[PDB]
Every structure is written in structure tokens, then in C-alpha cells.
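Undergrad: Starting from these lines, generate the structure:
(chains A, B, C, D, E, F, G, H and I, ligands or ions: 1)
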Amino acid sequence: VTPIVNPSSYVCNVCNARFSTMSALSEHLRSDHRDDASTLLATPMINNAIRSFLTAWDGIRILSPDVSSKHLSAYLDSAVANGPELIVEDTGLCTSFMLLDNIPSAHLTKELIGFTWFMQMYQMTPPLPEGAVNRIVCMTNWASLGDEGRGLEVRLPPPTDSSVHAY
Amino acid sequence: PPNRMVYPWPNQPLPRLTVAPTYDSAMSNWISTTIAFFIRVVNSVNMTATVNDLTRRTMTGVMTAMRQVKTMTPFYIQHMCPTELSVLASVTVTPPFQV
Amino acid sequence: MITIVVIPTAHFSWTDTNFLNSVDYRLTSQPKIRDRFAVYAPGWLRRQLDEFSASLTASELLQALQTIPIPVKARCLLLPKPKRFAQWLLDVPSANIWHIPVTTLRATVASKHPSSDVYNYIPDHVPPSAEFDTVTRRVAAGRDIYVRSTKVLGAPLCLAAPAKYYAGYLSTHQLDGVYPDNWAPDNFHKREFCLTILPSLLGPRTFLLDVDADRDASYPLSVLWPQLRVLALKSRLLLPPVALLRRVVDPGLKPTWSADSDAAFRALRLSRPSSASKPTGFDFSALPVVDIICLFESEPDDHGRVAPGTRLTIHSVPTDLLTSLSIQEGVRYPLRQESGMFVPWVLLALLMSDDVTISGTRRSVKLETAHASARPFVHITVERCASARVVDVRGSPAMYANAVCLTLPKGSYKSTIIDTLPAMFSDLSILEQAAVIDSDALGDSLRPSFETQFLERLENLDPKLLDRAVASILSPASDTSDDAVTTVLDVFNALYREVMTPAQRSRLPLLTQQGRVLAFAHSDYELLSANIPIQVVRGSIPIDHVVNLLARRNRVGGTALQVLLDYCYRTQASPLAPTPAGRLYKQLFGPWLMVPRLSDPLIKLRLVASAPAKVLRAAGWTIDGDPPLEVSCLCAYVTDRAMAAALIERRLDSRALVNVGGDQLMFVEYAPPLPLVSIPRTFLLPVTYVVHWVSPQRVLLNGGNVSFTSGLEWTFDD
Amino acid sequence: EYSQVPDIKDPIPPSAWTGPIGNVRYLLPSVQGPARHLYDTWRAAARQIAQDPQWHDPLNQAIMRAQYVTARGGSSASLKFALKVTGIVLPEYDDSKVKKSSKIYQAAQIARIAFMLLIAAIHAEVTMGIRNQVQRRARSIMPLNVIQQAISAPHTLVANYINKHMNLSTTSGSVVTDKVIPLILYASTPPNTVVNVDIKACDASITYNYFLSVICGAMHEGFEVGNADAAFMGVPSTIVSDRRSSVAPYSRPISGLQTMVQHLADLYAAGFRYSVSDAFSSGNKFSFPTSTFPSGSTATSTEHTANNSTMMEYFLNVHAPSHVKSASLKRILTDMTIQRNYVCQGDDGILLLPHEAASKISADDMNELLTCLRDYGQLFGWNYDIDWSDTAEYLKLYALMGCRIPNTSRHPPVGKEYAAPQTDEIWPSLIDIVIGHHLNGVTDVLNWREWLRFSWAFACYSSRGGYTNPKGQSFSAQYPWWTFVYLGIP
Amino acid sequence: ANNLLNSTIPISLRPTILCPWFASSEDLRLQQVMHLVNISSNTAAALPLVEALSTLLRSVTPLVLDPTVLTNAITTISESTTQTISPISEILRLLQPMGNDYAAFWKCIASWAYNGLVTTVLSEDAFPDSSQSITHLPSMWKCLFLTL
Amino acid sequence: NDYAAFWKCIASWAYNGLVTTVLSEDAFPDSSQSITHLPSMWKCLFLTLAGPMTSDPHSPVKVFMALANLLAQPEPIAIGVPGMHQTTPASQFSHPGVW
Amino acid sequence: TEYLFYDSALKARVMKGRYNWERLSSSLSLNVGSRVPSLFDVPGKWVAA
RNA sequence: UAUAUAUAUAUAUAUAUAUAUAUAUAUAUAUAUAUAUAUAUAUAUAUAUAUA
RNA sequence: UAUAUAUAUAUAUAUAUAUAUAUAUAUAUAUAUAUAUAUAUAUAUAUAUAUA
Ligand SMILES: [Zn+2]
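TA: Numbers count the residues shown, from 1 in each chain, chains lettered A, B, ... in the order given. Let me share the structure:
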């Protein structure tokens, strides 16, 4: 039967090391498992080559100017017979920034009762974030509506995360 | 200059009524003079010393016949072909590129 | 009545009961929905297009067809030759509706050279000295037309007169082809929508359906697709298939006025409650598939928040795979297994899909499934079905029932599909593991394995040269780096040519002459260099194999020999466009996945071939009973006994060359190769099969090896 | 014979190709070497073929279709199966007493059908035959079916243009075979140095992994210049997916010529599938595929002669000067070109050196030259089988110092080929055998007086014959000797 | 269309139309230059342009090429049959209709539209050999054709 | 058809301003056609005869322009309406401003 | 013939030529029965072969 | 005092079944209108046969 | 030309069949609302058991 609950921890095959996150396990496999100089060709230098290749992998980029270089393309008569997609119309909210709930407010039930009031208690969606700490972030077309859109967007996580990948 | 095209031959606007072969177009003039020149060549002394006159009489004959054919092409070049180019220049995927 | 012009996609099912289903089967889910559509698209028009396809440019063809009204009320009335035709106006005098003189008629009867006079001055007569558009212009008038040739376009073509005049003037098949048109008409009805394969002027009430897939290359009008698409694009007339399900049409996704949250939209709920006792108890050639958009997410941050994540489009995954696994939309399933690998069902979805792209753009990506990427995905959610249509499978990637070989790069997940999938059922006979041929089998056969021998030769080289080669292969920008890699390639080529080829050639019957073989290879060259008569399909999977094999550490080589072998095979492989391996998987396993959806039990079959007892005894075999022995070559499945028996009377024109050794290793060979399309599409075959005696107790002692020939005959079994 | 595959010493790396165009891949501009030369040559020829109103002339179209039909033929059974398989009910004319396997018979069946419906049948089995030889292995005859022969038309056309417009087909126009006689005589004269070359097995060495893929790509690209929607020989234009750009893939129409290439490349990559049914052996028919080119008749000479010329030209102008050592050799190797220094036909070829001034080239340089050529052929898997003996071997003719040498052993007085277990002929045919036999003894210069005497004796025996009904009567006859005088015997 | 196919529009309210279908010459000039940058400047670039235009020209034209009247007017010339050379045969051996329906003529016309990119030249083979004399009739005819 | 067209015209008279009968578009000759093309000439004859029966106020102009179109070449008059030409299809004129 | 005469122009050409030929050969009285090479007989030659 | 399990009661949500009301679709029956086909009768026209 | 017969076409009438539309009745399906029952989940109360 298909699983429905994520693993509580992740396991490497031989090191018996258990990890709370698969990312941590991934790094352990990425680094610690891969020195192992024991064969006729398991040299340290190739281990570095493999290690570099592992770190350098990214196969889900929209733009890839590195590999697009030297893509000499010949002019074709039929190719230019498409026309650009000019008509794109949106019925959603003309906005590109989102208010966030970066730190949720605590649910007090024994002491400090009444200091907090969630609109959910009245079955209402609040018009503003009601977290302990609220941030403004850039998430293009977060309220878009009507059709698919251009297909490339900018989405930044709250500053509690790295957000490095955007740059 | 934009929206203009150059043309190796002289040209005219499209005729009004029905067409017909003519003999004053530039090309027709070029043909006639060319034939006339070669006929003069055939009768030059250089040919007479070596070419039997009967054959020479024949050769000038056939050249004469060519000069008298009522072809339509010279008229078409001067009057109708430019229109076809002018229209098609707006159709080809690549606009004309002239010097 | 809004009209939607439709251009079929790559593997559009045509013999379907309803053309509508191949468009998007969701439209058939509700009676309230299916009642809103008309179809038209008549067969006679289809045949005409098939013929004229080779004689008109796209622009001309579009220009000619675009003016035709929806129900074609006109007919083309072929006239017989004047000598024949003239007699008609006197056989029935009132039929001389043009009142051609009797004198002229019998003058024609007398003349050695009957002239066109009988045709002359007849209104709307089309001589052979005419063109396609001449017909089409008259078609817009709705009245019937009189013609003097069969090659006409736009209207059904039927005889004007009884067949007696056209006989002799035309031949049997020609005289046959006009019969449906002789009584052509059928009514067309005024529902909300009407689909059509006939093009039309795009406008406020006419729309072009966009499915986001390649056209049917064989369909004659696919050439019109660019011009039509661009014209629709410049006026915003494309319709995504989902728009059809809404109560009112609009081009767009996520509209304001509709949440698009209804059972009709959910393509995963495939249901089949109705029945008609039809011979197709199931048509195992028609397969419903879906294109889905799935959201992938990584671990949350230290405060429970999560990154925006990414959504990808998976193409043409068979729907029954998801349904049988109880997959549901809007559910965030866990993506990663205990050991960090993907959960099996996701891998199956990827393997049987055609392509994976970024949701928005049209860039195809090869997905990684190892510990390479940082912040790796741990959760997956299917969001919506971009399209959901049935597709024809019969004989598409592979052609022969005998066997087929699929080539994949090293490191593919073939083990999962061949083991986990049948194991996930393990109740219905899918295949025999003894029949599937692992690509590594022959390499494992040599007493020192081919890998060991390659390693042993390889180490003789200087280590630095090897190190330089490996780094160059990994580093994409390292163009050629001739010295290091070429040296290794020479060793590889020399060894492979030396040892692998004869060993491969020594296994010829094992690859093909069994019941039904499914085989894997690292390159087509592995077979061509050995002259093995088996179809080879150059497949590809939408996952990065290089990184994948970089995680397999328990091997003879320390993960470095593997990449070397991988590069060598890829270099060895012939340059050609490879196909998605999912299509082949769909052809093989697809039909089986629909088994649990069935309502009635299956019925087994086979095509046993006889064996005279004389040759067996002559070969020293000890056998009881006189009746000739028979051997099951291949078993099949149906569910309607009636039509199944009705189809069992065909005599296959393919002999069997049975061969069996004393060790009871049994082999079969079809002198005329048995093609899959010859199998009636109501049948169902196992992925692999092993030939065997139908009654092993008949034999009492295996003599020497035996060979014989016999015919083939489908038969029931109990 | 067909168990051989060429060994390439420097295969084209997979990274040297562009994205697929449905089946074919174009060659990256950055790639150089002989392959680049081959690619450009075929591409240029394809361009010239592309725009050519010589075709679409209805008369010319008739010539091509008519060229495909002969009294012989084969693979008819495969044809009937494949089309019957696809639901196509072909006509039959058995009462008209004509062999089904004749290429004529299958052609008649096809006449009515729309061509595109037949496309699935091109991937069908091909029968084979064998013709024995006097001084070598037996030859092979591999007749394609009419449909396959039609599809391969672009390959032939481009090859013809390459031949007729580069080195004037090196005598492959075959107008009168005697044009090679003065050629070899001149080539064997003292002032000239000549080298005999020939591909070891051109039929077995031409293949898809290296050669045909390049040609298919070049032809497909070379046809790009032309109306994308222009049917050719009933093959309409179609839509194909272009994947050269990973960021902007799409689909565009392609002309019928390109569609032919798309299928043709598919067939070549799949490899030919032959079916052997030898009668001399007992109950052992089977089928197995191979990359060996059919090469059953003169229709193959065009392709091999084109590739032969191309590789030789690149070797002379590029590879050799960059690689040879002797300065004198470089001096003489330059100022040399195929159009006036090299001829060929299929595998066979002749190379003659420019007249060394009142002198001859050092055998040392010759050895250096010949060695480098062997390596050059080894690069892409051609065994060149060259030799240097100051004689002329071309199309089985031998010349020594400008004197022709008839190799009589190749025409044995008693020997005659028979490719079947039965002679299957009737008595009067022996006369024609005698006439043909006598002429060889004249073509080859034998002792004319004694040869004539022997010939008449042969005629006398042949002059008489008889026959018997399968059950009934016998019959007999014989000619008066004056017949043979009329037939051409003095 | 050079004022052919004259047409006009109705006169009524058209509230919310939008037809973004136009650009300045500078845009066109820029695109044309860009198009010229993305090609191999050898014949490979020019050929599709000339071929396409030539096909369009031949597609729509009232002119029809037919040499029957010329030959009919030539073969009617009387000459002695006792001579060893008949220049009529020499002429008719030339002017050989290659069956291509004179693609060269349309090819030359099309080339004018792109004269700034490609030039049509007379083929080298179609020249009289420099070793000949004026009395060599085939040479003289060749020179005549070149002049014309 | 019982000449229904004829009766429709008469009926439309009593309801003009609510519905107007017009000469069917297909009835006009091609404006590029010449007067010599006899079927075109007869079409103009029919149009001229039937003109007054229609309720369309622009029928007089349309009838006139039809003949003017066929006489474009032999009778090149100047039309003082910007944006129009003697070769313009007759059925297009309509609005009074372009009389 | 159908395979040979894929189009119609060739068939029209041959038929016209044959009709004119026999008409001329008989009327001009050159001779009758002259087996002149013509395309209509090419299929006949094929059949005989 | 808290947690967990089991039983019973009450409240809320979801699914299924049954009843009633309203809307939509389909099928069947009856009535009316329109169209098409076939048969019969009458009238008119045309063709053919026979008689004068 | 006239009479009689037969065939075909057109018009009108009558009958029969089929199709489409509208009305009325009945049945079934789907959706929505309300009521009742059962199941599952969650909360609260009470009882019993076990643990702390
Ligand atoms: Zn570990």
C-alpha cells in the first residue's frame, strides 16, 4: 500500500547514522561516504571530481545561460511565423507583494486569557495577517487569476529562510 | 529610400485596356540592334573567305526570323512584371533587400 | 451552436466508439455534460482527405475547405461514359430532365466515338478538366453536383445512375466505394456545442481547441496546425480542454466566477457503470491517460513555514495506475522513502509518463532522484489534470508478438517496473521472470565477468591517464580531451568486439525463440553487431541516470568503473532520436492495469500447435497415446465468450518451427513473423510468456532433440 | 560475409550532434575532419537537388516509376504479408500466368493505393540470392521491394548529381565500356606511375552508425532550402517536432523529401532484415538482420562511388599534406586533384601520379604515402587494400606498359555458373551458349585458326536435340550447319 | 495590393476593438538587419529567398512561355539539302528545352529583389572556347546568346 | 418558391424602418470583372430592373455603381469621395456620405 | 497503365499521338500496321516479359 | 488530578439509505402542429403502344 | 387530330409510417433544500479498567 506519513527519520545504508532531515542525510552521503580509497582507481582526485559534480548539479532551472552558450541557431522561415503572445489578461488583484505570518501567535488557554483574538473564532477570514510577527515579501502573481501567465515568476521565502537561490 | 524599389529596366504603370505585343520597349530595341549587329558580322569579310555563301544566306535568314517573332515578353517586362514584384514584396517572409 | 474545430493529437484513437472520448474522456462522465455536444466529422470526408492529402499545399487546402457549411447537404453525382450514360435517358424517358434530343442520343449509340455532347450544356457539369475548388464553390450552394471523375473533394460522391452504366466503365472496388454515398445523408442537431474536424473561419462563435501536445503526424490536416494556431493566438481564440467542462465557455484557467472544484473536473474518478453487452467486454487497445500538474516541496523551516516550492507537468501517465493506487487530488503525500529514495508509485508514474516539463514554460527537465540536490523535495501534491484522454495503444511502439528489446542508459530503474509492479498485484499472471532478459546477463556469463576483464585490462594504463579521463567525462565543458578518453575507448572497443560479440551470438534462441521475450540492452549496437532478428526500441527516461548510478556503491567498480562503462555504451550507441520508454511500458503493462476495473471475469485462450507422435518416437521419445501432441505457444485473455468464439475461426498464415532439446529446453519460431496488429484488439496478452507442453504427463521419456513444423490455431482451454 | 562490422578508429562523439528533428540530428559546426568534409559535400548536393524543376516534370516522373519494374524481382511474399497485416486487400491476377515474385506483379497490385497508406510496409523483410564467381567469393543479389526502391529515391538522386557533377561519375555513365581501355593503357605507360586501390568490402563497410547518419542529416538539412509544403512523388509534407533548442522546442512542417529522409534514416538505423531460403541445404530457412548495404545491382554503384570519391579528395587535399613527412612528397602531392588524378567505380579505383620530371618517385616516399593512406582508411573503418606494382587493374582489365593482357582464366572454356539445383533450360538454348562461347575466344585473342576449329566441333554437337512429353511422345530436330554461319561463325 | 482589390469598411460604432498589428520602419529595419546577422552569408542564405519568390511569381502570372511559334517560324526556312552543314540543326541542337520550364528566367527575375545580397552570373561553361575562330559556327551562336 | 422574393419586397414596404429589403450580395458582378464578360452585363441589367422594388434607400447609388464598376477601364471617371474608387464593390457603398 | 499514367497529361498526349498517327499513316497511305514505339504498348511489353 | 482503553448519552461535521418539495435531463403514453417517405383516388402535362 | 391503355412528373385529397417541435401524464436519473435512520470522525459528560 502507498505510504501516507513521512518517515520520522532517514537512514544511510552502512553508516547506521540516522538523520532528522533528508537534507542532512543527503549531505552526509554527499561528503562523508565518498573518500573510500580502497580500489585500483579510487583516487582522491576523482573523488574531488565526483564531489564537485554532485554539488554543481541543477537540472530544473528555467534559464540556463551557461549551457545555452554556443547554441548557434540558423534562421528559419517557418519558425518566425508564430507571432509573440501579446494578449495576456488578468482578472485577479494587481499586486505583487504579500503579507505574511512569519511567526504565529500563541494560543493561550490557562493564563493570559483574552490577550489574543483570532477571527477564526467568529468564522471570518482576517483581511490582514494576525501572526506575532508579520512581514512583507515579493511573490509575483500570488493573487493572479484568469489565465496561465508568462511562465516565469519571482518568489521569495520569508527572511527566516535563506532565499539565496533567487540570486 | 523606404517603400521604393529599383529595377534594372525602364518601367511603366500598369496599362489600362487590353495588352498586345509592342516593339518600342527597351528589351525589344536591345534585341533588334543585337540581331542587326550580328548580321553585319556574318557578312563581314572574315566570314566570306571561309563560309559558303549559301550557308551564310541561311544564317542571316534564321537570325532575321528571330528578330521578327512577335513575342510578348518585352512588353511584360516593362509594364506588368513590376506590379507583380511590388505586390509580392509585401508577402514574402523576407522583405526585399536591394542596392 | 458554438463550433470547436479539432485537430487530433499524436496517437488519437480513431476506431473509438465515439470520437468524443479521444478528445477528453471527462466529457463522457456526466449525462448532463455529454448531451451538450455534436460531433459530425463523417467518414466519407475522412476518406476524401486521405486521398487528396498528397496533391494540395496546406494553404490551398485550408483555403478550399474553410467555406464549407457544417452539415454537407450536397452530393457529387458521377456520370457514366457518354455511350453508357446516354442510354439512361431512354431507359426512363422522364429521366431526360435536360431533354437531350432522342436523335442525338441514338446518334451517340451509333457513333464509334461517342462525344461529350450528352454532357454538353448540362448545368453544373464538372468535366475532368476541372479543379478541386470548382467543386467546393458549388458545395456552398447545397445542391448536388454532376461530375466526370472520382477524385473530388468536399461532398459525398455517389453514382447518378444505376450501377449498370458504370459497370465496365469502372471496376469492382471502384463501383463499391460509392455505396455509402448512394444513400449518404444523416441529420445534424442543434445542441449547445458541436465539435468538428472540418476547419472553419475562426470567429466569435468558432474556437480552436488547444490540447498542448504534438499533432497526429499521419493525420493529413496536421499541416494546417501552425497557421490555425497563430490566427487563433493573435485573437485569443484558443480553448484549453478544461474550459469545455464549464457551464459557459471562456478561455482561461482559474476563473473568478468558478472555483472549478467539482467531480466533473477530477479526472482521477474514472467510472464505467453503463453497459451494452457489446463484443468489447473490453477494448484493451484503448488506454485512458492524463496530463497532471504536481507541486513539490522541501522540508519546512525552523518555524514551520515552507518555501513556495515548484510545480511540474507530467505527461500522459496512465490513469488506472493512479486510480488502482488510490491516489487522490489535493493530498500531500510523502515523497521520499526511508532510505531517501522515491516512493515506488511516484517512480512508476515517471517511468510510464512521456515527458516532464516546468508547468508554465515548455522546457523539459530530467528529474534527479538521489541525494544530489540540496533542500530536496519531501512532499508531493497533484493539483489538477491539464488533460485526460483515451489513446490508442495497438502496436504503436512495438510490432511483433515474438519479442522486443528496449535500450536504456545504465542506471535506469528497470528493476522497479519489472519486479515491484507485478509484485504489487502478484495475483494475476503478468509475466515470467525467466523470460525477461536483464541487460547485464551476458556480461555476467563470462567466467571472469566482462566488467572484471575490462577492469583488469584497464589497470595496465597509467593511473593519471585514467584520472584525467574520468574527470573529463564528468566535467561537461571538457570537450573531447582526446588522449585520456580515447585510450580507454580503444580498450573497451577492442575487448567488447573480442569477447562479447561471439558470446552474444551464441544466445540467439534465448533472446527471440522463447514464448515471448522482453529484453534490455545498453545500446542497439549490442544486437546489430550480432545479427539478432528482434525489434529494438531506443527508449529514454525523464530522470537523470548519471547521478542515480553515482549512489550505487556496492559494485565491482568503485562507482568510477560504472561511469566509464556508461560513457562507453553511450559512445557505442548509434546516433538517432530516442523515444520515451514510457510509451513502450504503456503498450506492455497498460492493458493489464485496466484489469481490476473490469466487472466480469476473464477467459483464457491459446493457439497451441500440434506435434505428430511419429517424429517424437523416431527421436527416441517415449510417449503414450496416438493423438498428436500439442504445445501452447502463447496464452491470451478475453471476456465475451460469444464474439471470442466468433473470432476464433481465422487461420493464421504463420507457421511455427518448434525446436526442443533433450533437456526439454523448448523453442518456437514463426516463419512469417507474427505482428501485434494482427491480434484482435479485444484480446489481451501477457508481457512475457514461456512455451510449454499443454500436458507434460503425455511424455514418458525425453529422447534426443526434436524439431518440427506445424500450423497455429487459437483455441479455448479449461 | 554479413557477420562483419567495420571498426572505426575515431568514432564521432555523441556530443557532436544537435537536438533531434524527430529522427535525424544535424552536425555541429565546430566539428571538423573528414566527417565534416563528407557532411558538407552531401549537403551541398542536396541543396542543388532541392530546387530543380527537372523533377515534377510528368515525363521524368514516369521514367522513375518505370525504372523500378523489371521481369525479375523478389520479396513479394513479405509485401503481401505486410500490407495484408495493415488491412490492405491487394488485388490478384494469378489466372494471368505471371510469377508473383516478379517486380512487375507487385507493382500492378500497388497501382490504385494511396501511397502514404503503404508507408508501414517499407519496414519489411527482403529476400536474397547468390551468384557464384570464378576467382572469388560468390556475389550477392538483394532486390528491394518496389515501395522500398521508391522511398530510397533521394539517396540515388543526390548520388547521381555528385557523380555527374564531380569527376563525371568516373566513367559510371558506362556509355560504352571500352572507354576504360585507353585509360588503363595510358595509365600503364612508362612516364606515368599508377597505384591500384579498392575498398575491401564497401558494401559491408558502409553503415549507419558512422556513414549513413551523416548522410541522412546532410540530406535532410540540405533539403531545408525549398518549399516546406511541396509533396514529392505522392509523399506529402508533414509536421515534425524540432528539439534543437532545449529552451524553445516546437514543431514545423517539412517537405516530402525530408519526410522520405525521416523514414529512410529510420530504416537504415533499424538495419536491413534479410530472409534466407537456400535450396541446396535442407529445411533451414531463417531470417537475420544486418547493416550490410544491399548492393545487388548497378543502383548501388552510385552511392559507393560518391563516397569513394569524397574520402579520396579529402585525403589528398587535407589529411596527407598535414601528416606526411617527405618534403619532396609534399611538393609532388600538392598540385594534384581527383578530377585529373583519380577515377573509381563502386569499390574499385585507380590513382595515378603526376609525371615526375624525367624521373620516378622514390619507393621510400611511395611506402610512406601508401602507409598513410592505409591509416587514413583505418580511421573510419575502410580497409583500402592498396597495391603498387606498376600495372593497371580496373574493372577486371589488365594492362602492362600500354599493352592489354586478356586474363583468359576468367573465361574458362568449360565452366559456367548455375545458381540453382536444376539447369532449368531447353535444348535450343545451347546454341546461344555456343555463340557466346565463341565470341569470348575472339574478344580474348586466342589462336584464331585453332579456336575456329574447336568452335565448329562444339557447334556440331549442339546442332541436334530432342524432347519428350511428360507422359507422351518424343520430339527431335537438328539444324543445317549454315545456321551457324548466319549466327556469326566463319 | 497596388490599389487592386479595393475594399472598405462599414460605418457604425465599434466600441472596444484593439488590433496591435503594426510597427515603425526602424523596427522593421532593425529586424531586417538582425535577420541578416543570423545566417551563413554564403549561398545557403540566399537560395530559400529566391526560390520562394520565384515560386510565387510562377504561381501568379499571365505570361506563358511557349517556343512552338519560334520553331515553327525557324523550320519553315528553305535551304539546299546537298550541303554538308545545316545551320538550322546547329541552332535547334542549342536552345534545348531542358524540361524545367525555364527556371533560369524566373530565377533571374527573383534575384533582382535581393540584388543587394546575391548576384546572378552567366555560367562559365556557357562560353565560347577562346581557342576558336569566328567561323566556328557553334562558337558564334554561343556568343550571340550571351549578348542577348 | 412561388416568387416569394417578390412578395417580400411589397410586404417590406409597409414595415420599412423596421426591416429593409436589400439586393443580395451574391447578385452583384465582381467589381474586378470587365463589361465584356457577358454574364456580368446581364446581372447589371437585372439589378437595374429590380432596383426600385427594394426598400433600401441606397439602391439608386448601388445600382449606379455596379455599371460604373464594369466600366472602370473604358470609362475612367473620378469619384470625389476619399477612401473610395471606381473599382470599389458596388454593394459596399450604403451610407449617404459616400454618394 | 494506371501505375505508368499516374497523371492525366501523359495519357492525353499519347492518345492524341496514337489517334493522329494511325489517321495519318492510313490517309497519307504511307502504310498500315506499322508497329511504332508508343507508351500504350509499354505495359504490353511488360506483360509479355 | 492527568493520560490511555472500553461502554453509554448529547452536540457538530462527512458519507450512505428512505420520504417530501423544487429545478434540469432522459425514456414511455396521449393530443396538436410542421416536415419527409410509401400506398390509393381525382385532375393536368409529357412519353410509348393500339385503333380511326 | 380524336379515342383507349400503360409509364413518368406535378398538384389536391385520404390512409399508414418515421422524424422534429409544443402541451399533459407517468417513470428513472442528477442537483439543491428539509425530515428520519445507520455508519465514521471530533468534542463534552458519566461509568469501568490500567498507568502515573
Ligand atoms: Zn552513512
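
Undergrad: near RNA strand H, which residues of chain E?
TA: Within chain E, no position lies close to RNA strand H (CB under 7 Å from any atom of the strand). Just so you know, the C-beta spots here come from the backbone N, C-alpha and C atoms, and that holds for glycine as well.

Undergrad: How many residues are close by residue D:27?
TA: Number of residues near residue D:27 (other CB atoms under 10 Å in any protein chain shown) recorded here: 22.

Undergrad: From residue D:309, how far out is it?
TA: 20 Å (CB to CB, to the nearest Å).

Undergrad: and the closest residue to residue C:254 other than its chain neighbours, what element?
TA: What sits nearest to residue C:254 in space, not counting adjacent residues and going by CB to CB, 6 or more residues apart in numbering or on different chains, is residue A:145, at 5.4 Å. Element membership for residue A:145, per DSSP states H and E: none, as it lies in no helix or strand.

Undergrad: how far is stretch C:356-369 from where the chain is centred?
TA: How far stretch C:356-369 lies from its chain's middle: 23 Å, per CA atoms, centre = their mean, to the nearest Å.

Undergrad: in that stretch, what's buried?
TA: Residues C:356-360, C:363, C:365-369 are the ones in stretch C:356-369 that count as buried (16 or more other CB atoms under 10 Å in any protein chain shown).

Undergrad: Give me the distance between the two termini of that stretch.
TA: 14 Å (CA to CA, to the nearest Å).

Undergrad: tell me the SS of the residue lying farthest from the centre of chain C?
TA: Here chain C reaches farthest from its C-alpha mean at residue C:103, the gap being 62.2 Å by CA atoms, centre = their mean. What DSSP: H, G, I helix; E, B strand; the rest coil gives for residue C:103 is helix.

Undergrad: Quick one: residues contacting it.
TA: Applying CB atoms under 8 Å, 6 or more residues apart in numbering or on different chains to residue C:103 gives no contacts.

Undergrad: got it, and residue D:451?
TA: D:438, D:441-442.

Undergrad: just residue C:653 next, same as before
TA: Applying CB under 8 Å, 6+ apart, the residues near residue C:653 are C:672, D:81.

Undergrad: follow-up on the earlier one: residues near the residue nearest to residue C:254, how many?
TA: 15.

Undergrad: and if you look at residue F:20?
TA: Neighbour number of residue F:20 under other CB under 10 Å is 14.

Undergrad: from what I can see it touches residue F:94, true?
TA: No. With contact defined as CB atoms under 8 Å, residue F:20 does not reach residue F:94; the gap is 10.8 Å.

Undergrad: Next secondary structure after the lengthiest helix in chain G?
TA: Longest helix in chain G by number of residues (criterion: DSSP state H): helix G:9-24. Heading C-terminal from helix G:9-24, the first helix or strand you meet, by DSSP H and E, is helix G:42-48.

Undergrad: List the buried residues of that next one.
TA: Neighbour counts over helix G:42-48 (16+ other CB under 10 Å) mark G:42-43, G:46 as buried.

Undergrad: repeat for stretch F:77-93
TA: So for stretch F:77-93, counting by 16+ other CB under 10 Å, buried means F:85-93.

Undergrad: end to end, how far does it reach?
TA: End residues of stretch F:77-93 are separated by 17 Å (CA to CA).

Undergrad: number of nearby residues for residue B:63?
TA: 20.

Undergrad: measure stretch F:8-28 end to end?
TA: 20 Å.

Undergrad: To clarify, my last question referred to stretch D:442-456.
TA: 14 Å.

Undergrad: Could you check stretch D:138-152 and say which residues are buried?
TA: For stretch D:138-152, by 16+ other CB under 10 Å, it's D:140-152.

Undergrad: Distance from the chain centre to that stretch, please.
TA: 11 Å.

Undergrad: Where does chain F get nearest to chain D, which residue?
TA: Chain D sits closest to residue F:32 of chain F, with a gap of 27.7 Å, by CB to the nearest CB.

Undergrad: neighbours around that residue, how many?
TA: By other CB under 10 Å, 13 other residues sit near residue F:32.

Undergrad: Tell me the secondary structure at it.
TA: Classified using three-state DSSP, residue F:32 is coil.

Undergrad: got the contact list for the closest residue in space to it that isn't next to it in sequence?
TA: Spatial nearest neighbour of residue F:32, chain neighbours left out: residue F:87 (6.8 Å); criterion: CB to CB, 6+ apart. With contact set as CB under 8 Å, 6+ apart, residue F:87 has these partners: E:3-4, E:6, F:31-32, F:69, F:72.

Undergrad: RNA strand I next: which of those are close?
TA: Near RNA strand I, judged by CB under 7 Å from any atom of the strand, there are no entries from the contacts of residue F:87.

Undergrad: So of those, which two are at opposite extremes in space?
TA: Largest separation among those by CB to CB: E:3 and F:69, giving 14.1 Å.

Undergrad: So those two - more neighbours on which side?
TA: Neighbour count, other CB under 10 Å: between residue E:3 and residue F:69, residue F:69 has more, with 25 against 8.

Undergrad: helix or strand for that one, which one?
TA: helix F:59-70.

Undergrad: Please apply the same query to residue C:644.
TA: helix C:641-646.

Undergrad: what does residue D:161 give?
TA: For residue D:161, the host element (DSSP H and E) is helix D:153-164.

Undergrad: Give the buried residues for stretch C:434-446.
TA: For stretch C:434-446, the neighbour count (16+ other CB under 10 Å) marks C:435-437, C:439, C:442-443 as buried.

Undergrad: export those to CSV and tack on distance to residue B:48 and secondary structure?
TA: Listed next are the buried residues of stretch C:434-446 as CSV, based on distance: CB to CB, whole Å; DSSP: H, G, I helix; E, B strand; the rest coil:
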residue, distance to residue B:48, secondary structure
C:435, 96, coil
C:436, 94, coil
C:437, 91, strand
C:439, 89, coil
C:442, 89, helix
C:443, 91, helix
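
Undergrad: which one among the residues you listed gets closest to residue E:91?
TA: When the buried residues of stretch C:434-446 are ranked by distance to residue E:91 (CB to CB), residue C:439 comes first, at 72.0 Å.

Undergrad: Surely that closest one and residue C:523 touch.
TA: No. Residue C:439 is not in contact with residue C:523 according to CB under 8 Å; the separation is 9.5 Å.

Undergrad: Where does the stretch 51-200 of chain D get nearest to RNA strand I, which residue?
TA: Nearest residue of the stretch 51-200 of chain D to RNA strand I, counting by CB to the nearest atom of the strand: residue D:87, 34.2 Å away.

Undergrad: Among the buried residues of stretch F:77-93, which ones are in strands?
TA: Assignment to strands by DSSP state E places none of these there.

Undergrad: related to what we said a few turns ago, out of the buried residues of stretch C:434-446, which is nearest to residue B:16?
TA: Distances from residue B:16 to the buried residues of stretch C:434-446, taken by CB to CB, are shortest for residue C:439, at 79.6 Å.

Undergrad: which residues sit in contact with the closest residue in space to that closest one that isn't next to it in sequence?
TA: Leaving aside its chain neighbours, residue C:439 sits nearest to residue C:520 (3.9 Å; criterion: CB to CB, 6+ apart). Contact analysis of residue C:520 by CB under 8 Å, 6+ apart lists C:405-408, C:414, C:436-439.

Undergrad: switch the cut-off to 7 Å
TA: C:405-406, C:408, C:414, C:437-439 (CB atoms under 7 Å, 6 or more residues apart in numbering or on different chains).

Undergrad: Redo those as CSV? Include distance to the ion and secondary structure.
TA: Formatted as CSV, the contacts of residue C:520 follow (distance: CB to the ion, whole Å; DSSP: H, G, I helix; E, B strand; the rest coil):
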residue, distance to the ion, secondary structure
C:405, 37, strand
C:406, 34, strand
C:408, 29, coil
C:414, 26, helix
C:437, 34, strand
C:438, 29, coil
C:439, 29, coil
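
Undergrad: What separation do you get for residue E:31 and residue D:252?
TA: Residue E:31 is 20 Å from residue D:252, by CB to CB.
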